[PDB]
Amino acid sequence: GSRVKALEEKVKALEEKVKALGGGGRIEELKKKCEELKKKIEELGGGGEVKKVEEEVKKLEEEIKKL
Ligand SMILES: *Sc1ccc(O)cc1
């Protein structure tokens, strides 16, 4: 399937979008989940599971569609 393909891509839309969206309130917590998402993948290599990151991020990415 992908697993990582979903992690490598989302990381681009995750930050780039928020960095270009510039907002507050809803964006305040939105970034909190972002900084943690980028640090997990870039750092994780053997542990943490790749399927666990693509599933969780699914919530963040979907949130970008609105913002
Ligand atoms: S990951 C990320 C990047 C930029 C923001 O403004 C927020 C989250």
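Its PDB header attributes the entry to solution NMR.

Peer 1: Could you give me a rundown of the overall build of the protein, with the residues and numbers involved?
Peer 2: A count of helices and strands for the protein gives three helices and zero strands. The N-to-C order of helical and strand elements in the protein reads α-α-α. Once the C-alpha set of the protein is aligned to its principal axes, its extents read approximately 35 × 20 × 15 Å. Considering the protein as a whole, with its 67 residues, one finds that 28% of them fall into the buried category. Partitioning the contacts of the protein with sequence separation of at least 6, the portion at a separation of at least 24 is 71%. Just so you have it, the protein exposes about 4900 Å², and 45% of that area is on carbon and sulfur atoms.

Peer 1: Can you explain the site of the ligand? Please cite residues and give values.
Peer 2: Close contacts around the ligand come from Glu-15, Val-18, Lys-19, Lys-31, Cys-34 and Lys-38, and that covers them all. Its free accessible area being 260 Å², the ligand has 83% of it covered by the protein chains. Taken together, the elements giving at least two residues each to the shell around the ligand come down to α1 (5–21) and α2 (26–43). Taken together, the residues that form the shell around the ligand break down as two nonpolar, no polar and four charged.

Peer 1: Describe the nonpolar core, listing the residues and the values that go with them.
Peer 2: Residues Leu-7, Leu-14, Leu-37, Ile-41, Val-57 and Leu-60 are the most contacted members of the largest nonpolar core, which totals 16 residues. In this structure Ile-41 touches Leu-7, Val-11 and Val-53, once residues within four positions along its chain are discounted.

Peer 1: Could you give me a rundown of α2, with the residues and numbers involved?
Peer 2: Over its 18 residues, α2 extends 27 Å from the first C-alpha to the last, a length consistent with the 26 Å expected when each residue adds 1.5 Å. Where the residues of α2 are buried, they touch α1 and α3 (50–64).

Peer 1: Could you give an account of the side chain of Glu-54, naming the residues involved and the relevant values?
Peer 2: Within the secondary structure layout, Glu-54 lies in helix α3. Comment: no salt bridge for buried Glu-54; closest opposite-charge side chain is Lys-58, at 4.3 Å.

Scoring rules and cut-offs
- Residues numbered from 1 in each chain as written, not as in the entry; some residues may be left out.
- Heavy atoms only, no water.
- Helix = DSSP H or I, 4+ residues; strand = E, 2+ residues; numbered from the N terminus.
- Buried < 20%, exposed > 50% of the residue type's maximum accessible area, 1.4 Å probe, protein only.
- Contact = heavy atoms within 4.5 Å.
- Areas by Shrake-Rupley, 256 points an atom, 1.4 Å probe, with all protein chains shown as cover.
- Near = heavy atom within 4 Å.
- Nonpolar A, V, L, I, M, F, W, Y, C, P; charged D, E, K, R; others polar.
- Core = buried A, V, L, I, M, F, W, Y, C linked by side-chain atoms within 4.5 Å.
- Expected span 1.5 Å × (residues − 1).
- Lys, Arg positive; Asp, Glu negative; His and termini not counted.
- Salt bridge = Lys/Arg side-chain N within 4 Å of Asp/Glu carboxyl O.

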